[PDB]
Every structure is written in C-alpha cells, then in structure tokens.
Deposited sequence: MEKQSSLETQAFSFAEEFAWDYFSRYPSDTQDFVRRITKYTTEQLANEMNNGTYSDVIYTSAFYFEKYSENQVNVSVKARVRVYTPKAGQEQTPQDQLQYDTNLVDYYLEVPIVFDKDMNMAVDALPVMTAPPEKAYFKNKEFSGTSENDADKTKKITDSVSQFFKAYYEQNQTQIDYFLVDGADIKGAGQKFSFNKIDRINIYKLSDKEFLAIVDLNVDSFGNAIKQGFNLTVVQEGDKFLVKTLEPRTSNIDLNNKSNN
C-alpha cells in the first residue's frame, strides 16, 4: 500500500525535519540526506533549536502517477533563547508546538521514496460536526424484565473489567466474540441504564458506568444487545456509544 508506506516515510522524515541543533547545523544535513538530496537538505535547514515528541501522518493526496503529498502533525519542543542575552552558553525557554507539515514525496518503480521538494506548513485537521441522535426505540416497560436485564448487565461488566475469559463467557451468547478488558480495572457501578425491546427475545441496554484505574474513576459508555434465553439474559454485542447508534 502506497498510502501506508508514504505515511511511515513522511513520519520518519518529519522526525528529522523537526530535530534541529544550532550546536551543529550539519547534523541536520547528515540526517535529512537519508530522505532527500544535499541541495534540498541545505535549503530546509535553519537556526532553530527543536526536538520531537511525536510525528503522525494525517492526510494523503495523490499528486501524480509517481508523487504524493502527505500531511504530518508533529508535536515539537522549540527552544527560544531567554530574554536579555543580546551562542554556546545560551539559556532557553521551552515552547510546546503542534506543527502541520505537508511532505512532498516521489517514488520509483520499486517503491523507493524521496522527499522531492521543500515541505510546507499546511492546514491543521478540522473537526467534524455531528448532531446527537438519542436512540429511537421502544423502552422496555416490564419492571421484572428490566431488573433482570439490569442485574445481568451489571454482573457482565464486573466480569468484563475484573475476570478471565472463562468467567466472562458464561455471560455471553454462544459464539459472541467479546474479549474482556484484561482484568485491569475495578468495576464501580452502572450510573445510568436504559433498556429497549428490539424484538420478542432481544433487547438493547444503553449504559453509562464508571471504573477505577490506579485510584481514579473513568467514565465509560456502551450499548449492548441482550438476548433472552430461558431464565437468562445473555450478552450478544458490546459497542461504545450511547447515542448515534446503528444496529445494522
């Protein structure tokens, strides 16, 4: 996959692009020449002092039959000289910066890659908007069933968070592939539960709950399809989301 490999290449390149040492600007040239020509490495260099927290490729554009542009988010520390020092003895302030760098990449017939031009500062990602949609369905109205389903779901979550797969599987429909959270959390309680009847024997439980990790509570939200079988209510599915639900 071209995009997959281009993303890793752009991330690697970006790591070096934002790693800069005025204590030796040729170090940048040595490192960057692994990705591009000497001429381009020199053009890209400057007097910045910076190092890297992460690089993450976020957007892909096919530009021609052998060229792509990959936009990369880099979290970086940029060190600026402290005030009143108007080189080897400079004291610095640390600036935490997120950069968005568009990386032009050429590839050959063997999928070897090079950065083929100056990278440029580009637009950050833009958040999607969504209108919340509460579940549209018929609330389960029988109090006996509601309590039974609720206790089953509660016991299931205790096992999901705290117990092994063997113990968990007793709560599940046959072949429901729901693996536990690795016995790494203490289940506190269900904070909110709403139950809907889907069909004669199937129900949706929409659940807000919290668990502890290392002494602090973490909120969680799920929906679960639950199946009535005999005296039992067994878990068929486990999904995140408590609204904007799609059961298809």
> According to the record, which stretches of the deposited sequence lack C-alpha coordinates?
Replying inline: 1-5, 92-94, 257-261
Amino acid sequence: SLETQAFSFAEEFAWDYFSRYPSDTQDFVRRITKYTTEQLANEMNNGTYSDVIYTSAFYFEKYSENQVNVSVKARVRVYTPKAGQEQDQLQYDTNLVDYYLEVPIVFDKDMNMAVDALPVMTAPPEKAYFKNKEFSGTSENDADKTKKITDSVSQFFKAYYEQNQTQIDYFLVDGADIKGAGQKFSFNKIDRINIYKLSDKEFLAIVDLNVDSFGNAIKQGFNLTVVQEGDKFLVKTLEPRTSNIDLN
From here on, numbers count along this sequence of modelled residues.
>> Can you tell me whether 91-99 has a higher mean C-alpha B factor than 105-113 in this record, or the other way round?
In response: 91-99
> Averaged over C-alpha atoms, is the B-factor higher for 169-177 or for 115-123 in this PDB entry?
Replying inline: 169-177
> Per the PDB entry, which option out of 65, 200, 27, 43 has the greatest Cα B factor?
Replying inline: 200
> Between 158, 82, 73, 77, which one tops the list for C-alpha B-factor in the PDB entry?
Replying inline: 82
>> Is residue 10 in the lowest, middle or highest third of its chain when residues are ranked by C-alpha B-factor?
In response: lowest
> What third of its chain, lowest, middle or highest, does the C-alpha temperature factor of residue 228 fall into?
Replying inline: highest
>> Please say which third, lowest, middle or highest, residue 185 falls into when its CA temperature factor is compared across its chain.
In response: middle
>> Looking at the temperature factor on the CA atom of residue 4, which third of the chain's modelled residues does it land in?
In response: lowest
> When the modelled residues of the chain are sorted by Cα temperature factor, does residue 214 land in the lowest, middle or highest third?
Replying inline: middle
